[PDB]
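A quick write-up on the structure given underneath.
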Amino acid sequence: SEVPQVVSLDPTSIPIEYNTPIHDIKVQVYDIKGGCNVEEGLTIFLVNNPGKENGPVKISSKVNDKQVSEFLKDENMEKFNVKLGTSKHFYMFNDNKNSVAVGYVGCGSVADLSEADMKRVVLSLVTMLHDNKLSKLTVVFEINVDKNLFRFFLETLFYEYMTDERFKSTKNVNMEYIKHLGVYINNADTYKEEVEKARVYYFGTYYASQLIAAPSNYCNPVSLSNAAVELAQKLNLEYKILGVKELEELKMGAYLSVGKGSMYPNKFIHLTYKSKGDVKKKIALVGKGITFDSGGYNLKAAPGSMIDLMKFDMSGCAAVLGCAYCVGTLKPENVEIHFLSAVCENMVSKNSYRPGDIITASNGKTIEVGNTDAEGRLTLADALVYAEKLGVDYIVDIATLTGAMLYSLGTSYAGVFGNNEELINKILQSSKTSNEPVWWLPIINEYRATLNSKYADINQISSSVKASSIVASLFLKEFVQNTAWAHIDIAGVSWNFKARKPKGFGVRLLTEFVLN
Amino acid sequence: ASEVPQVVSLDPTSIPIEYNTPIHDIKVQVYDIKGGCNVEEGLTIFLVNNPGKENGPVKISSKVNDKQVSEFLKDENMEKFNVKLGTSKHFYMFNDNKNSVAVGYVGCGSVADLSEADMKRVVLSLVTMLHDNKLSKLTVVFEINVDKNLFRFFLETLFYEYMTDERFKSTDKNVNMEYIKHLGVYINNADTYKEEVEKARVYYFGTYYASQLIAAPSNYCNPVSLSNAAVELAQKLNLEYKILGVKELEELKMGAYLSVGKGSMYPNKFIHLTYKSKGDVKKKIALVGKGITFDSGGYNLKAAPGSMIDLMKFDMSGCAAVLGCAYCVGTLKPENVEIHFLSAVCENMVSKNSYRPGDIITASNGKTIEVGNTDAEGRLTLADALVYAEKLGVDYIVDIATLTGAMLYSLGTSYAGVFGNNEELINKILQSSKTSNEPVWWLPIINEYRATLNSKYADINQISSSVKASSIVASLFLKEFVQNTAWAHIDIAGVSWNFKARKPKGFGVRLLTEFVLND
Amino acid sequence: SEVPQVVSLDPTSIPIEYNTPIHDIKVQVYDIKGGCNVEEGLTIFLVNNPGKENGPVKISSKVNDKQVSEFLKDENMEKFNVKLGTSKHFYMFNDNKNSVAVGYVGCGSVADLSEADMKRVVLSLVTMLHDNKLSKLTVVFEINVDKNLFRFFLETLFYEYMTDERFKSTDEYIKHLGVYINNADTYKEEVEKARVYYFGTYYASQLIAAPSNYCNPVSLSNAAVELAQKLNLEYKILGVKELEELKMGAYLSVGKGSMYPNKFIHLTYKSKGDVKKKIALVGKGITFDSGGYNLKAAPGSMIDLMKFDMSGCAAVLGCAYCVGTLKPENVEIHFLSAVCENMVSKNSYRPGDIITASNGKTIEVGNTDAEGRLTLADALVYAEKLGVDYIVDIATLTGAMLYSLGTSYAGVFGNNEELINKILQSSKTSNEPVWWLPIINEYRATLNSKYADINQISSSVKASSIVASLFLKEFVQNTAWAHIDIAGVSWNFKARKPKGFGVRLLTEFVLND
Ligand SMILES: CC(C)(C)OC(=O)N[C@@H](C(=O)NO)c1ccc(Br)cc1
Ligand SMILES: CC(C)(C)OC(=O)N[C@@H](C(=O)NO)c1ccc(Br)cc1
Ligand SMILES: CC(C)(C)OC(=O)N[C@@H](C(=O)NO)c1ccc(Br)cc1
Ligand SMILES: [Zn+2]
Ligand SMILES: [Zn+2]
Ligand SMILES: [Zn+2]
Ligand SMILES: [Zn+2]
Ligand SMILES: [Zn+2]
Ligand SMILES: [Zn+2]
């Protein structure tokens with residue numbers, strides 16, 4: 088619980104903002120079928136034109152104001168375009184002779200907007216929200232969206248609108265979030281239930297983002313495990329933090345070896361949510377929790393190794409904890425979930441484990457270490473045997489495991505591997521409804537022979553096959569004996585290089601998996 | 087003084103320093119050339135040139151008070167030799183008293199005004215004549231034109247190159263070393279040049295002292311032993327001194343400086359030396375030196391080709407330059423001036439305790455900094471040092487540092503770069519460069535690159551991820567930690583080490599001293 | 088004249104747009120004291136705020152329209168801030184019930200805007216123009232700018248507004269520009285000069301942006317001829333046969349491995365009347381630099397960008413446009429470029445080759461990727477024989493510039509301080525930033541060849557830019573000479589296009605001399 092320090096100026100906890108300005112936004116959903124009121128703040132119409140390429144803007148909605156409706160008549164609007172991401176602002180006086188601000192955002196010419204399409208619309212919308220001191224925003228849906236896409240709109244809106252200023256000291261003086269958000273859409277009553285779900289999904293994602301973005305001197309195994317406890321306490325999760333003494337008794341030799349060279353003791357996070365009624369499904373969610381990945385003696389010194397980004401290497405853990413918030417808040421029924429993460433730090437030291445070392449996992453398997461920079465699968469290995477010992481139905485691990493993902497699926501799609509096709513399908517189904525894209529990749533058994541060690545039971549890495557993501561999955565597969573298991577590699581999708589911030593990828597995905 | 091920690095008992099606990107050098111035992115005499123030259127014992131060398139006559143014949147113009155020697159040096163005899171820069175010859179003959187004497191010359195080219203580099207070549211050629219000859223006396227006859235500043239440069243360079251560092255020699259000591267005991271100089275209007283002699287001797291040792299600190303390996307020269315050397319120096323010079331330990335640095339919240347040293351076995355030591363004039367103080371100056379006793383690069387380890395990790399003892403050259411300046415100032419004792427000699431000394435190592443890439447740290451002025459590269463640790467330590475410097479309420483802040491390797495690609499190994507926020511201060515540094523003959527060139531602080539230091543989470547980035555103009559970006563960083571004081575920054579990463587001669591130059595000592603003295 | 092082809096689909100000329108939509112824009116300048124009228128198009132206020140948080144926007148100028156004045160009231164504008172580059176624009180109806188667009192661009196908190204700052208202002212302004220079907224743009228200057236910066240504003244505006252679609256197959265611009273500024277009469281003379289400076293820069297941009305299959309030594313020399321003919325300049329293109337007779341072995345060696353014959357461009361401008369200054373402007377004209385057998389294969393060598401390596405030539409030709417159009421007095425200008433291509437072939441020159449320059453000096457080649465200085469050597473020998481007063485060469489010579497001054501400031505080297513100062517003065521008034529770097533003679537000894545008269549490159553001295561300058565200096569014996577290294581500033585990496593750097597710089601140099 089106590090964070091060790093080298094000097095007194097080293098931080099001893101991760102700063103966390105629980106009550107965000109987003110939570111102070113009062114959200115109202117009205118049916119468009121009744122007309123729109125255009126009074127205070129900024130009013131934005133989401134408009135398209137199906138199959139007209141860059142077509143003219145047409146406002147279909149009834150506006151309960153003669154002046155505003157006159158301004159928005161077709162003859163006036165035809166000079167404007169519906170190009171995806173395009174936005175404009177209008178100034179006018181209403182019927183009550185008050186000054187009002189109105190505008191629109193183009194949603195293209197395709198009837199069914201994709202996640203990327205919706206993201207671009209929101210990003211354009213957020214641009215209108217920044218550098219304008221508005222008190223209220225009104226969004227009018229003149230496009231077709233189902234409830235899942237509507238929820239995604241809000242989640243993305245909240246997430247992109249929110250700005251992390253925890254580490255700013257000498259800060260934007262003009263930041264001023266809206267206090268009211270009005271939404272006009274048809275059949276408002278079906279969409280109202282998605283509002284609070286979006287708000288929960290937002291913070292779950294933003295919470296994971298805060299943990300990832302937090303630098304390694306702030307976010308260490310002790311401080312992160314402490315944060316998990318604080319989170320568990322607020323949400324009523326049973327919690328248990330395993331220290332070195334417990335881990336040694338449990339013989340987690342693979343996991344403990346990675347943390348040897350660190351000044352922070354290893355901390356194993358175990359949170360549990362149990363429904364009050366009959367439990368029909370038991371699920372273990374495992375997250376990779378490397379607070380910093382230096383590579384060990386296989387130091388990240390090669391070009392393109394992105395060593396300065398390696399605080400992100402606990403993204404899997406953050407996603408699991410972010411999911412814990414959503415589950416703890418929405419309180420699903422007939423399910424018991426274990427939230428696991430073997431947290432440690434991979435550093436260079438006189439105490440560090442060396443390339444060539446043979447270590448023993450808690451399942452008795454001896455492992456020959458060929459590369460200390462492949463430490464993720466080592467910690468995940470012991471975490472998986474622990475998971476299976478819990479007697480669950482599904483084991484789902486999520487991790488920034490291999491850089492090869494950047495070459496396979498890139499920065500938008502995560503890879504999923506597994507030993508069970510139905511479980512994979514459930515993950516794929518969750519991906520669609522959560523709108524966090526995942527693609528099914530194969531575990532090619534032909535590469536297994538490349539993990540055959542001369543002295544230990546198995547090699548940590550291959551010295552042949554360059555398909556590291558598959559090889560790593562083959563390694564993890566050896567530590568799940570008789571349980572449905574899936575592995576999501578998020579090394580490529582976790583960090584937003586363009587926006588220079590985390591995505592909090594996986595939070596909404598894991599929650600949809602649990603809920604449905 | 088603090089106790090130097092050891093891993094084994096064989097680890098050195100102090101930097102060996104030679105204060106009394108053979109140069110200090112040399113008696114220097116300056117004569118007027120119009121009185122004629124006496125050629126008796128030891129070696130007598132004529133410095134000769136030939137104006138616009140590309141390798142011209144040698145001609146001795148000076149009167150020699152010896153019939154035999156004057157006949158030997160007559161034009162007819164000397165025309166077989168030429169004045170090519172760096173050329174030297176030895177002559178053997180008998181004088182009027184039937185004694186054997188040794189005479190020679192060094193070619194000074196065909197250009198009337200010799201540059202520092204040219205003069206250096208002349209001196210180097212001269213030193214070769216001193217080497218491997220057991221001489222007791224050297225006599226140098228100036229048949230060329232040099233001003234007082236260039237004349238002093240000759241003596242300083244002569245003393246520096248003649249001197250040999252044998253502190254770390256044990257079984258391979260040179261059995262044949264035997265320095266001259268007397269140095270004679272014949273020059274026109276000598277009375278004007280006499281004041282430069284002792285000044286040269288002072289400037290020499292300041293440079294040689296800095297050289298000794300730099301050349302000292304990192305196991306000998308650590309933050310503790312270097313700060314101890316600073317204290318010992320201050321005591322000898324009657325300067326006020328103050329060494330800040332970790333506890334005091336924490337109270338001052340010097341987080342950037344402390345973060346770099348976290349991974350070291352040697353505690354951070356902040357050097358603060360003070361020279362105060364006895365009279366009314368009219369100018370207050372802070373001299374800040376980068377003091378990284380060893381730069382491994384941190385977790386951004388120097389593992390790339392050309393990173394020169396074996397040279398990284400040099401990375402405290404700025405501190406050494408500052409301490410060498412403290413010697414000169416404390417010795418010549420300029421008045422009506424108050425000088426602060428500062429250096430945030432530490433070591434950048436790889437450890438479980440080391441600071442990581444991506445860490446956000448807080449400087450003593452409250453600015454939060456995101457670390458993108460641990461091998462850019464110099465600017466982190468300088469940041470807190472500059473904030474400390476400005477709190478002293480000085481008129482000028484001048485920092486000197488082996489900051490960026492880009493200097494090797496911009497100005498190279500001969501000229502140092504100077505950046506600043508004040509043009510008058512910059513001109514003064516340039517003025518000091520001319521009179522000290524330590525080359526400096528003005529480089530710009532381009533404000534357009536500033537936006538690349540905008541961090542998403544912290545107040546500022548330590549490094550840029552685009553620009554690649556490392557020296558300018560670093561200056562932009564440091565500028566953020568000097569709020570309202572005239573400040574200049576001298577990057578000596580390229581000029582500090584003499585790669586051809588395999589030794590330090592002690593660059594900056596004479597430059598900084600000239601700056602203080604002529605102010 | 089005839090461009091050789093490998094296949095019939097290979098282009099045989101560089102497409103050039105001479106008449107741009109920018110030339111069709113009518114520009115009117117009014118005095119701010121008379122008030123602003125808001126009728127057609129888009130109206131943008133350029134505003135600042137000394138000591139700005141960044142602080143709120145406040146419009147001081149009087150607007151002769153009740154509807155617009157209601158919009159521009161302090162209470163409404165306080166919601167916006169003046170942070171540099173920030174902009175907002177709204178659409179509304181004026182007193183005459185016409186649709187109008189009104190807005191602002193934030194100019195920060197500094198009273199005196201820099202070259203870099205003004206560019207950020209312009210880009211934000213241009214961003215609104217690319218996404219609004221406007222007929223007229225009106226700019227209201229509520230900031231202080233001198234005559235030079237105002238001209239710079241227009242040049243940058245015109246240049247960034249213009250879009251190159253020459254190579255877009257398939258698989264709008266405003267017609268009026270209104271300017272409100274204090275002391276309007278003083279700024280009116282700057283308008284047409286800016287339009288000239290614009291195209292000079294944009295013309296150079298077109299040559300640089302043109303790919304190596306379009307822009308080759310033959311097609312580039314042809315383009316120079318066509319330009320000279322339109323400007324009524326005397327022109328002369330030296331071919332291989334003439335070059336051999338002139339014994340330009342260094343220049344000819346670089347082009348040996350190319351399928352395109354070497355072409356030496358020589359344009360000349362003579363002022364009507366007494367000539368008081370004679371100047372030769374030399375531009376590096378490598379249409380493509382593969383590096384030769386010292387192939388650009390190392391990481392970060394950016395071989396896909398190497399069409400840019402004739403930027404120096406383009407800058408000189410762009411200058412030829414400006415000088416030929418504005419027609420300065422008392423001056424004679426020579427526009428020179430030894431154009432060729434550096435390729436890998438059985439006919440290519442090899443590392444280790446010893447070649448003879450036209451001045452008789454033998455050169456040992458240590459790196460075929462340092463071909464720029466070799467071509468410049470013969471060009472400099474050619475230039476001095478013309479008997480000029482100043483020789484100024486401009487070249488993308490060394491990548492080391494990216495490590496010294498970066499992408500914003502070019503480096504200038506020289507043997508004459510008066511010439512250097514004139515360049516620096518020209519840099520200030522043209523707002524194309526240049527910084528004086530030294531030619532350190534101590535490094536000269538590293539060019540001493542064991543067998544030849546001189547080495548092409550150094551064997552260490554990582555100060556490549558200075559060493560190269562030391563090389564070129566050996567080919568100017570008795571003339572005031574300057575060298576501008578634009579390797580770092582030539583290409584705009586963020587915008588993915590050329591800057592046309594040097595055109596305005598060279599013209600100001602000629603004009604103010
Ligand atoms: C097997 C091999 C030797 C290639 O090592 C890696 O697979 N490195 C990954 C790692 O260091 N895991 O801990 C990694 C690299 C980049 C990114 Br982004 C993520 C993960
Ligand atoms: C910003 C960057 C990542 C390039 O890091 C450097 O600037 N390196 C310098 C350094 O390590 N300072 O601490 C340095 C290298 C070599 C020489 Br020689 C001098 C100084
Ligand atoms: C050090 C060396 C002698 C090889 O010189 C180069 O660095 N090459 C330049 C070149 O290829 N001249 O022809 C160059 C490279 C990149 C850029 Br950008 C500009 C110029
Ligand atoms: Zn790793
Ligand atoms: Zn990892
Ligand atoms: Zn370093
Ligand atoms: Zn350093
Ligand atoms: Zn080249
Ligand atoms: Zn080139």
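Protein chains in written order, with full-length UniProt numbering: chain A, 88 to 257, 259 to 604; chain B, 87 to 605; chain C, 88 to 258, 264 to 605.
Every residue, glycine too, gets a C-beta built ideally from N, C-alpha and C.
Output the boundary residues of the alpha helix (DSSP H) element that contains residue i.
i                      : result
residue 522 of chain A : 509–522
residue 154 of chain A : 153–158
residue 206 of chain B : 202–216
residue 447 of chain A : It is not in any alpha helix (DSSP H) - residue 447 of chain A instead sits in the beta strand (DSSP E) that spans 446–448.
residue 493 of chain B : 493–496
residue 175 of chain A : First-last for residue 175 of chain A: 174–180, but that is the beta strand (DSSP E), not the alpha helix (DSSP H).
List the residues that DSSP assigns as beta-bridge partners of residue i.
i                      : result
residue 371 of chain C : C/425 and C/482
residue 333 of chain C : According to DSSP, which records beta bridges pairwise, residue 333 of chain C is partnered with nothing at all.
residue 569 of chain A : According to DSSP, residue 569 of chain A bridges with nothing at all.
residue 590 of chain B : B/583
residue 143 of chain C : C/168
residue 380 of chain A : DSSP output for residue 380 of chain A lists no bridge partner at all.
residue 109 of chain B : DSSP, once it has assigned bridges, lists no residue as partnering residue 109 of chain B.
residue 228 of chain C : C/133
residue 328 of chain B : B/358
residue 454 of chain B : B/448
Quick check: the Cα distance between residue i and residue j, rounded to an integer number of angstroms?
i                      : j                      : result
residue 598 of chain B : residue 399 of chain C : 47 Å
residue 483 of chain B : residue 572 of chain B : 6 Å
residue 178 of chain B : residue 324 of chain B : 50 Å
residue 516 of chain C : residue 575 of chain C : 12 Å
residue 375 of chain A : residue 453 of chain A : 21 Å
residue 347 of chain B : residue 546 of chain B : 21 Å
residue 245 of chain C : residue 591 of chain C : 13 Å
Can you name the start and end residues of the beta strand (DSSP E) that residue i belongs to?
i                      : result
residue 189 of chain A : 186–193
Could you please tell me which residues of the segment 292–314 of chain B, in chain order, have their CB closer than 8 Å to any CB of chain A? Result list empty, no residue passes.
Report the residues of the segment 494–524 of chain C with a CB closer than 8 Å to any CB of chain B, ordered along the chain. Residues are counted here when their Cβ sits less than 8 Å from a Cβ of chain B; for the segment 494–524 of chain C these are 494, 495, 496, 497, 498, 499, 500 and 501, given in chain order.
Residues, ordered as in the chain, of the segment 538–558 of chain B that lie near chain C by beta-carbon distance below 9 Å: Considering only beta carbons, the part of the segment 538–558 of chain B lying closer than 9 Å to chain C consists of 552, 553, 554, 555, 556, 557 and 558, in chain order.
Contacting positions in the segment 428–453 of chain B - beta carbon closer than 9 Å to chain A: So the list reads 436, 437, 438, 439, 440, 441, 442, 443, 444, 445, 446, 447, 448, 451, 452 and 453, given in the order they occur along the chain.
Any C-beta of chain A within less than 8 Å: which residues of the segment 385–413 of chain B qualify? Under the 8 Å Cβ criterion, the segment 385–413 of chain B contributes 385, 386, 387, 389 and 390.
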